[PDB]
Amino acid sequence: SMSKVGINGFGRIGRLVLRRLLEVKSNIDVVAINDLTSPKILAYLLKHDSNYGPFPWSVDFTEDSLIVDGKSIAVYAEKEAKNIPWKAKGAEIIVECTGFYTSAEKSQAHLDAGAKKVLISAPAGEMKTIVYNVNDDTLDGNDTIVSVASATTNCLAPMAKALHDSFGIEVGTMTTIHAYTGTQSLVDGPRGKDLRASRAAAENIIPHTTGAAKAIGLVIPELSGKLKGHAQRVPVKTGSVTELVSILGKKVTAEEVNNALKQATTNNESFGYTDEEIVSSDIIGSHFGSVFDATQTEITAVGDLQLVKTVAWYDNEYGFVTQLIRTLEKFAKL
């Protein structure tokens, strides 16, 4: 099975990819990293993390490498993926975490550069898109470029799946109250064409567009076109929550909904359950993609008109990274 990985974009996601691989003692070896900076800066960022603390393994660097837990990782600095010399250390699967290659057309450049497969850490149009433990059985040996969608997708999908499977989702809308991320702004100023994204992220509630509900059909085909939603980006550094308001195909109670969700999270490494009164910092470092929270379930009904609100936590950094790695490990073995 494929064992050698390259990371393009050693950022919030990319660094945590490495951390998680070492944490679970994967047989996958990161042999090369591509970014835009020096091994020194990358080593500093890897060692020191504002959200997860000190790196649990040794970190050193040379003029062209990192040395992590005694093992050498090549560092390249090629801004165009086609130029990355992936063949030098035999990088087979590229974990694409820059945000700049979010299409099949763009990410195939890695193949041109000598890789064999690409797993994109973000939605990437209508390509094969996987939420582990929702539709990873759609992966096969001919899949060369795959997406794991967004963290919000990885949160929304398992909850939507469980509801759809148990009760039917006829139509629904999502709002995720989401930690700020690097696409936003530190101080008020231009941030491409999105006006809201220009505003100081740690000082505002900021409405934000997300494709998680719009594109749910890639992951749950029967919900294709049945969901919409958006985000409110807020001042927490990581840790996020997704609310879904649904018309279901059945009259339900809160307990019935909660029991169905509990069943779907039983023996499920991707999808956790809680009935404790947690808050967002309690999900930081979660090993799930999504944690359904039974305490926030709400059924609002007048006669036969019924709205169902269901809420799941997610650590948009590490929790999501756990999903990307489970997908990666399976990808490497097809």
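The numbering used is simple: start at 1 and walk along the sequence shown.
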Q.
If you average the CA temperature factors as listed in the entry, which stretch comes out higher, 108 to 116 or 259 to 267?
A. 259 to 267
Q | Segment of higher mean CA temperature factor, 296 to 304 or 282 to 290 | A | 296 to 304
Q.
Maximum C-alpha temperature factor per the entry, among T152, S121, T173, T253, belongs to which one?
A. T253
Q. Quick one: which of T98, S240, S72, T181 has the biggest Cα B-factor according to the entry?
A. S72
Q: Tell me, lowest, middle or highest third: where does the Cα B factor of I7 rank within its chain?
A: lowest
Q: Compare the C-alpha B factor of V321 with those of the other modelled residues in its chain, then answer lowest, middle or highest third.
A: lowest
(Q) Quick check for you: using the entry's CA B-factors within this chain, is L163 in the lowest, middle or highest third? (A) middle
Q: Looking at the entry's B-factor column for C-alpha atoms only, identify whether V148 ranks in the lowest, middle or highest third of its chain.
A: lowest
Q) By the record's CA B-factor, is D49 among the lowest, middle or highest third of residues in the chain? A) lowest
